[PDB]
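Reminder, nothing fancy here: chain letters follow the sequence lines and each chain counts from 1.
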Amino acid sequence: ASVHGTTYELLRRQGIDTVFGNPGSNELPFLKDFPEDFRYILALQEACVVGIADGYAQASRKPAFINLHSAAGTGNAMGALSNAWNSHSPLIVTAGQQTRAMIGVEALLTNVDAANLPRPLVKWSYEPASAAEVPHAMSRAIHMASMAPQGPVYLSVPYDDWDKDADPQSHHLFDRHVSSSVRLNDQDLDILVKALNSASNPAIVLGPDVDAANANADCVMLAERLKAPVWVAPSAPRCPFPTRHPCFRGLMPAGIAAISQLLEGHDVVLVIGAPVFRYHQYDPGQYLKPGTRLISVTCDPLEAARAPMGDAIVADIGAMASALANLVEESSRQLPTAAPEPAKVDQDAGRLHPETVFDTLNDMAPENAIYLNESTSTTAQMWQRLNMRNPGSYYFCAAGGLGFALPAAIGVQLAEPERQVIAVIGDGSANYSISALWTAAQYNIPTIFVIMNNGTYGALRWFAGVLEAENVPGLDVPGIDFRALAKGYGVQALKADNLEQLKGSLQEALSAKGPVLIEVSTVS
Amino acid sequence: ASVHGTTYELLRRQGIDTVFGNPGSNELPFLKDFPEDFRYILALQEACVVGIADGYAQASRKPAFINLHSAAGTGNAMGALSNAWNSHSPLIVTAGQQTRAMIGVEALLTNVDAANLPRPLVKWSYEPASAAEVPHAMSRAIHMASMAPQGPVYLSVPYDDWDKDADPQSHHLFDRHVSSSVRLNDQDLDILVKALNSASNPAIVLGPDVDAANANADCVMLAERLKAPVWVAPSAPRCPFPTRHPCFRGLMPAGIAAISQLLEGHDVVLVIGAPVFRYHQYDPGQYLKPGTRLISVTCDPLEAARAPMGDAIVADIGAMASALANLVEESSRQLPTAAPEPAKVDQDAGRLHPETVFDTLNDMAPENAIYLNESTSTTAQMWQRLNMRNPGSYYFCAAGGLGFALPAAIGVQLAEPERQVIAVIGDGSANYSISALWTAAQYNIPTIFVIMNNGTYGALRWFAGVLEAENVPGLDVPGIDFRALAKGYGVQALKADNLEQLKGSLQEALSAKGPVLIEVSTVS
Amino acid sequence: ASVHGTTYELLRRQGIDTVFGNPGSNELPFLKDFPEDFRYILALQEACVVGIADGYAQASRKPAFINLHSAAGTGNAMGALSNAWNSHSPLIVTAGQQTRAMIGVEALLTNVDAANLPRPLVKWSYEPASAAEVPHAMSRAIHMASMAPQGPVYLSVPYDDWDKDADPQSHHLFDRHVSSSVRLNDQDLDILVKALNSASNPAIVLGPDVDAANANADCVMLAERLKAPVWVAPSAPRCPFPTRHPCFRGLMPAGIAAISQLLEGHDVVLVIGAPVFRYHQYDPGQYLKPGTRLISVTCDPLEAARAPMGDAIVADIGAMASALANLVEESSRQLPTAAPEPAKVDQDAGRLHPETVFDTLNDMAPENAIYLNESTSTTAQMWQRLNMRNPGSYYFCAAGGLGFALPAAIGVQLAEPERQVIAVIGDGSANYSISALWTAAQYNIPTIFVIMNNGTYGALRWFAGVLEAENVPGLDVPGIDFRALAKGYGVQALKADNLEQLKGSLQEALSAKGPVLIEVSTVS
Ligand SMILES: COP(=O)(O)[C@@](O)(c1ccccc1)c1sc(CCOP(=O)(O)OP(=O)(O)O)c(C)[n+]1Cc1cnc(C)nc1N
Ligand SMILES: COP(=O)(O)[C@@](O)(c1ccccc1)c1sc(CCOP(=O)(O)OP(=O)(O)O)c(C)[n+]1Cc1cnc(C)nc1N
Ligand SMILES: COP(=O)(O)[C@@](O)(c1ccccc1)c1sc(CCOP(=O)(O)OP(=O)(O)O)c(C)[n+]1Cc1cnc(C)nc1N
Ligand SMILES: [Ca+2]
Ligand SMILES: [Ca+2]
Ligand SMILES: [Ca+2]
């Protein structure tokens with residue numbers, strides 16, 4: 001067998017059947033004789049390739065496979081890799097290298113010092129020392145991406161390797177099963193359970209690894225048994241809990257003082273599947289107030305190490321959430337009362353308040369819709385106004401890197417063909433990965449894109465306001481016609497200048513057979 | 001509080017009470033006002049500092065704390081760090097940096113690009129962005145070293161940081177408990193146990209992480225229940241099993257073909273706490289023969305990823321070995337028969353055969369002796385001839401880096417004051433870290449050093465023989481007087497030119513109140 | 001031809017005929033059939049290998065070639081590489097890698113992420129993608145080490161590469177001539193010369209790259225023409241000027257304030273072949289005082305970039321010093337007056353003052369002696385008391401990394417067989433690379449080693465004194481018998497407890513036919 005044949009066999013035996021890519025000459029020997037059981041998803045720029053693959057992996061809860069062109073293709077994807085690192089996305093990033101005979105002279109398209117290029121944004125990064133090693137290196141990449149804590153990995157392959165003879169002993173790679181589905185030992189788990197049972201006023205904080213593990217239902221059971229309020233950890237990349245469940249208390253503000261104040265009076269705070277904590281704004285104060293102790297369950301040693309407070313347990317989130325939910329006592333305390341419905345913001349017949357947009361989406365979207373958020377100034381309102389009952393219903397750029405939601409919404413929609421994906425994206429954010437629209441059109445992936453157009457980088461205006469910063473350049477983005485951009489890439493386009501038009505546009509979009517972009521005129 | 005006071009409080013609260021070091025000016029502000037409850041162990045070169053700390057950590061089964069001088073001190077220790085990486089040794093390596101005001105100009109003793117210096121031999125490597133961050137960074141270092149898979153970490157600290165005010169919120173660091181004591185979920189553990197119960201001819205292979213976890217006794221129970229032969233994985237850094245137990249089958253040869261042949265006919269091979277596998281020599285063949293399947297339990301994702309065959313489970317070795325030992329059925333198969341005693345090699349009244357030396361050590365040493373091996377050509381014979389009943393009885397340079405055993409034997413002896421340490425070290429190997437002898441003399445750490453003097457790099461002569469390599473330079477090391485070297489560093493010195501003298505020297509050494517070096521004239 | 005044959009041909013055609021090494025199995029296929037026209041110099045530990053090669057390269061003013069064993073051998077040498085980086089030493093460091101077929105599994109002796117290991121201490125670091133690339137990669141290593149600014153480089157070679165067929169087109173590598181012998185363009189050089197001619201009170205500061213370039217005599221001419229005082233830049237790795245020439249003003253103190261004070265009143269300060277500046281102690285103040293402007297000629301862009309003051313020209317030191325010396329006007333100002341002779345320190349019949357030792361060395365050593373300094377507390381006195389008339393007469397660890405002078409003195413003596421090398425090394429410093437003594441004995445390289453024994457890390461006691469630091473551990477090194485250490489490694493050993501014995505010992509050492517170590521009892 002060839003390295004080509006052996007590698008594709010390894011991929012299929014490990015459950016991989018799709019290649020997300022933007023092709024180049026170093027990759028042609030890999031892509032030739034493309035197997036008939038595989039699918040190739042083209043995107044026009046590598047931030048888009050990786051964003052699509054990322055959405056697909058996060059929603060499918062399985063690794064996604066990417067093929068990029070040498071250093072320039074890899075480089076174009078590095079902002080996207082920053083998000084993937086923070087979301088623990090299992091991405092296998094491969095990049096084609098020059099033929100081994102031309103690496104020394106640094107021919108055009110040589111990826112120099114290749115394994116160093118994507119660092120520090122990957123778990124593992126490698127170029128094999130010989131062609132016959134390629135299948136083994138691919139095996140390493142698959143498992144490194146897939147083991148807890150999941151994350152992106154990088155493999156560089158000289159293009160002449162594919163046609164070489166594979167090692168017959170590579171067959172041992174095909175069916176390897178590698179598990180990190182582990183939980184705390186019985187003795188120490190019993191200690192933890194007793195601490196939860198004994199708490200007088202417990203609180204629960206959940207992060208994105210809960211949703212990645214599909215541990216949501218177990219966390220609901222856990223919260224119900226403990227009669228505990230549930231918050232989502234700050235800067236949330238995913239939604240780990242039904243947002244209208246009586247225990248739900250919403251998204252935590254991303255500040256040190258804000259969080260310790262919120263947790264004041266809670267004697268035991270159990271954090272599951274989150275860093276402690278993904279703060280954002282400067283908000284100095286106490287990490288925790290006197291009387292509060294924190295216990296973190298995390299899949300990631302790097303998270304456990306850097307928490308400034310609390311105890312930690314490094315284990316699989318699925319296994320731990322299931323064990324805790326099934327072991328804790330039913331508390332005799334009263335179940336928390338549901339948060340009241342949000343207020344309706346006054347809305348005239350002109351430009352849309354973001355609150356109006358979210359209320360209308362909530363009214364009209366199916367109960368199993370999936371939302372993506374890259375409308376950076378409206379996140380708090382979005383979290384309050386969308387009833388998200390089901391797992392896998394929310395995605396937000398985990399490293400704050402713009403250019404995620406537009407392509408990721410396409411990957412999510414590909415992963416979940418029966419759940420309507422609705423990406424709510426600011427006019428600024430929409431540009432970073434605008435060319436991803438083409439992939440939705442070409443493959444008829446029926447994502448709905450809602451562009452919140454207020455003509456400015458709104459979140460930056462706000463942060464500048466709090467800093468009291470005068471004379472900041474580059475904050476306005478006037479003069480972008482999003483309907484024309486959509487037309488450019490073959491996506492049906494609608495405009496909503498007021499509420500009547502918003503409802504009409506959403507009705508049309510929800511009824512459409514392909515992707516649709518709606519440009520919404522929102523208040524400055 | 002100062003950063004100095006806060007950092008020492010964090011260290012003591014996390015169980016650290018000893019600093020292994022070689023001092024410099026960048027470290028003086030850390031070492032001043034050295035706490036009265038701490039101990040400082042000086043060594044004369046940094047390979048020795050780290051080797052001593054490494055032996056101490058491995059034997060104590062807890063992190064060891066190291067303080068080195070900037071780039072040159074760190075650099076001198078990098079061979080030692082290569083071993084520590086392979087043995088999963090929890091080492092907290094700190095190095096002093098220039099004052100922040102002088103880093104930019106690259107004053108003498110500036111550690112340039114400091115965090116990159118020890119890579120790729122550390123789990124985590126960092127320089128804090130401010131003085132107040134130092135305690136938090138130290139906390140990260142402690143936990144990164146200590147979490148499975150354990151390993152060395154690196155922290156660079158500008159010398160002006162120590163006198164600065166600490167953040168009062170650093171108190172939250174002091175008592176953090178971080179656990180990675182995890183095992184496979186119940187459902188999948190039951191599947192594994194059933195596979196072991198159902199095996200017709202199981203075999204067990206154990207690596208160094210078994211001994212690190214003190215999982216030895218649990219592995220004995222497991223082997224007895226399964227009635228299974230037990231091998232030690234190749235290139236063994238530690239001894240994970242009583243070497244005269246009936247199930248014991250010895251050290252595996254470090255070759256692909258050799259190992260698959262050894263495992264032929266075994267239907268299920270369970271590997272615990274080892275890489276799969278630390279091969280050494282070129283010995284191409286089948287990874288496993290038809291009819292053998294392999295299951296690996298490893299604490300290290302990097303090991304699970306790179307295994308060329310078998311299934312893997314990434315979990316704590318202590319927790320997994322205990323669970324398996326207590327869950328498996330008692331097989332009705334006959335218990336394996338003990339290996340017969342080794343043959344006595346013919347020995348005249350002249351120079352000593354290594355076999356004679358090991359037989360004599362076995363005869364005379366206490367039953368709870370601890371051995372170290374850096375006699376590279378005699379390893380197979382050592383493993384056959386020393387009855388090692390207890391855990392923590394054997395150490396060998398885990399990355400093959402010479403200069404480990406001499407200093408490590410001092411650290412081990414410090415960790416285990418009631419167990420006689422005997423380091424068996426070749427004449428070539430003895431030189432790499434010769435100055436470590438001084439630390440044994442100064443602190444009166446009563447390690448026995450047995451120098452196997454055959455005048456040559458024996459293992460290299462052998463590898464050259466198999467390669468059929470003629471005219472290789474640099475293989476001989478004549479003209480070293482090890483008694484004079486011992487005298488140089490204040491260690492009592494004896495010479496054994498024959499068996500009568502060997503017995504006499506060992507009797508004197510075992511009766512001595514301090515460290516002793518015995519130079520043994522061994523056969524070429 | 002084989003890769004082996006082609007690589008040795010490239011080496012010899014590029015002027016390399018010596019391999020400094022400590023061998024291992026990954027290197028045996030390189031070292032086998034060792035060419036009869038090459039020499040191999042064995043040392044017992046890799047810090048010693050690299051130190052010897054470094055002294056050899058610095059004294060010979062040509063690249064030195066090193067062969068180390070994988071990661072552990074490379075790691076043991078990294079402190080030595082820190083010095084080599086700072087001295088711009090042209091060192092070609094090669095290390096053997098596992099066979100390509102065993103790299104993936106990370107067999108014992110695999111150098112993982114090899115090219116990253118020696119960073120940031122090398123100019124270039126690489127592992128070739130194929131065997132046939134090895135000669136080209138070696139060519140790159142030779143030229144990268146040799147081009148200004150010279151420095152160490154690293155090449156990792158899988159051991160199976162050597163026996164493979166070379167590319168016949170590799171012959172084009174053999175005779176490549178690569179020059180960086182460049183100087184400032186005529187127009188701008190004329191501007192510089194006019195600025196020097198017009199200066200009313202110029203000063204000259206010289207660094208190690210002057211001595212490396214053998215630009216010393218040209219700098220003498222330059223200083224004589226400009227009638228300018230000449231200082232050596234601080235933390236001096238080499239001596240760039242005759243120390244009894246009337247213009248000579250000695251070693252600059254390594255402090256910001258000290259240097260600006262020294263330069264006060266000098267209108268133009270010309271720095272040649274030094275960083276601006278290698279400060280050491282904290283000594284805050286003005287970089288330059290009003291009225292002083294600085295112009296730096298440096299071979300190293302990294303030096304030019306980081307200078308906090310002055311203009312800079314990046315060019316070859318030899319070419320620039322020659323051009324300036326031959327272009328400047330003869331000033332009509334009076335030639336500076338020679339510094340007066342140092343005072344004789346009162347000396348009783350007991351332990352030796354360092355000043356006495358240096359005076360006696362100056363009295364007895366030949367006029368073409370070469371000194372090395374690793375007696376860290378006595379440097380200022382050494383510089384004042386040794387008349388060094390000739391180039392290449394002084395070496396001091398350029399990064400402050402101890403363990404340099406003992407091995408480097410052996411390499412220097414090998415490079416300069418007709419110039420008596422005398423290494424003056426503190427009792428603390430002597431231990432770092434003590435095993436290097438063996439190489440001097442084995443090859444009968446007649447270096448004289450003068451051990452300044454005061455029982456303590458003297459420089460650290462002084463820095464602790466100025467910091468007012470109490471209770472610092474690890475500052476004393478009692479109980480080392482240096483005569484016994486010398487005997488251990490086969491070097492003739494003498495002791496000097498007083499002046500009478502010092503003179504007697506030096507007379508014997510200077511008359512000896514081999515290496516000699518003198519242990520001198522110096523004042524605490
Ligand atoms: C033979 O094509 P290659 O050697 O692969 C290619 O790299 C290249 C680069 C420079 C000169 C000629 C070809 C080019 S050329 C190429 C096609 C560009 O199509 P375009 O329609 O612009 O022009 P044309 O080829 O039809 O005239 C692609 C996608 N690539 C790979 C590639 C992918 N993603 C990124 C960021 N950079 C890249 N270079
Ligand atoms: C066949 O020998 P190798 O595979 O090359 C070797 O690496 C090794 C390592 C572990 C087990 C067996 C051999 C060893 S063994 C070896 C000889 C040691 O001589 P010694 O006199 O100590 O014992 P013996 O061989 O005579 O019994 C050397 C120099 N090397 C290479 C080496 C050089 N410098 C440093 C820092 N570490 C190293 N390992
Ligand atoms: C004030 O001392 P420092 O600034 O710390 C020091 O780095 C130094 C370097 C160059 C010139 C002056 C001092 C030196 S000087 C010093 C003492 C050496 O003692 P030695 O007995 O050799 O001479 P002396 O000081 O008594 O005359 C030490 C241990 N250090 C730190 C150090 C530790 N380990 C290694 C590999 N390299 C180092 N430089
Ligand atoms: Ca906007
Ligand atoms: Ca030997
Ligand atoms: Ca001293």
Side-chain angles (χ1 to χ4, degrees), chain A residues 119 123-124 136-137 139-149 153 167-173 175-189 192 256 284-288 294-296 298 301-302 304-316 318-320 322-323, chain B residues 119 123-124 136-137 139-149 153 167-173 175-189 192 256 284-288 294-296 298 301-302 304-316 318-320 322-323:
Chain A
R119 301 185 181 185
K123 290 181 72 178
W124 186 69
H136 180 222
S139 174
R140 294 169 79 181
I142 293 162
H143 299 301
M144 286 303 292
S146 300
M147 285 178 292
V153 299
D167 175 6
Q169 285 298 297
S170 291
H171 79 263
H172 291 282
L173 303 169
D175 295 327
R176 297 196 61 228
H177 183 273
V178 177
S179 179
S180 53
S181 289
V182 298
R183 51 87 158 174
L184 188 58
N185 73 77
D186 289 356
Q187 177 179 345
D188 295 336
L189 184 57
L192 173 56
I256 293 164
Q286 295 155 286
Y287 284 120
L288 300 170
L294 182 149
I295 304 165
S296 166
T298 168
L302 291 171
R306 74 177 184 263
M309 68 286 199
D311 299 327
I313 294 151
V314 183
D316 180 85
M320 282 294 285
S322 180
Chain B
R119 301 185 181 185
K123 290 181 72 178
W124 186 69
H136 180 222
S139 174
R140 294 169 79 181
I142 293 162
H143 299 301
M144 286 303 292
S146 300
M147 285 178 292
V153 299
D167 175 6
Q169 285 298 297
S170 291
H171 79 263
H172 291 282
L173 303 169
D175 295 327
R176 297 196 61 228
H177 183 273
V178 177
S179 179
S180 53
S181 289
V182 298
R183 51 87 158 174
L184 188 58
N185 73 77
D186 289 356
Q187 177 179 345
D188 295 336
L189 184 57
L192 173 56
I256 293 164
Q286 295 155 286
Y287 284 120
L288 300 170
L294 182 149
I295 304 165
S296 166
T298 168
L302 291 171
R306 74 177 184 263
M309 68 286 199
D311 299 327
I313 294 151
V314 183
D316 180 85
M320 282 294 285
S322 180

Quiz item: Which pair of heavy atoms, one from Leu184(B) and one from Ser181(A), lies closest together, and at what distance?
Solution: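 Where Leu184(B) meets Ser181(A) most closely, the heavy atoms are CD1-O, 3.5 Å.
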Most contacts with chain A, counted as non-hydrogen pairs under 4.5 angstrom, among [options]:
options: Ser180(B), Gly310(B), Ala148(B); result: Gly310(B)
options: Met320(B), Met147(B), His143(B); result: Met147(B)
options: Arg176(B), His172(B), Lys123(B), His171(B); result: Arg176(B)
options: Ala304(B), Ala319(B), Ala315(B); result: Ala304(B)

Quiz item: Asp175(A): what forms a side-chain hydrogen bond (donor to acceptor under 3.5 Å, both in side chains) with it, not counting sequence neighbours?
Solution: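 Partners of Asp175(A) under the side-chain hydrogen bond (donor to acceptor under 3.5 Å, both in side chains) test: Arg13(A).
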Quiz prompt | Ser179(B) OG to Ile295(A) CD1 distance, which is reported to the nearest 0.5 Å | solution =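 Result: 12.0 Å between the selected atoms.
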Practice problem: Quick one: pull up CD in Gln286(A) and CD in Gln169(B) and give me the separation to the nearest 0.5 Å. | Solution: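 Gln286(A) CD to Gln169(B) CD: 5.5 Å, rounded to 0.5 Å.
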Quiz item: In terms of heavy-atom proximity below 4.5 Å to chain B, should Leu288(A) be classed as side chain, backbone, both, or neither?
Solution: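 Contact with chain B involves both backbone and side-chain atoms of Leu288(A).
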Quiz item: Tell me, side chain or backbone of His177(A) under 4.5 Å from chain B's heavy atoms, or both, or neither?
Solution: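 It is both, since atoms from each part get that close.
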Practice problem: Name the option with the most non-hydrogen atom pairs under 4.5 Å to chain B; the candidates are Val178(A), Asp167(A), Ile256(A). | Solution: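 That would be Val178(A).
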Quiz prompt | Qualifying salt bridge (charged side-chain N to carboxylate O under 4.0 Å, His left out) pairs with a residue from residues 307-316 of chain A, counting only residues at least two apart or across chains | solution =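 Counting only pairs at least two positions apart or across chains, the salt bridge (charged side-chain N to carboxylate O under 4.0 Å, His left out) contacts touching residues 307-316 of chain A are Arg293(A)-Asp311(A).
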Quiz item: With only heavy atoms counted, which part of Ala307(B) is less than 4.5 Å from chain A, the side chain, the backbone, both or neither?
Solution: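 Contact with chain A: backbone and side chain both.
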Practice problem: With the side chain counted from C-beta on, respond yes when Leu302(B) and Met144(A) share a heavy-atom pair under 4.5 Å apart, and no when they do not. | Solution: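 Counting from C-beta outward, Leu302(B) and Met144(A) do come under 4.5 Å.
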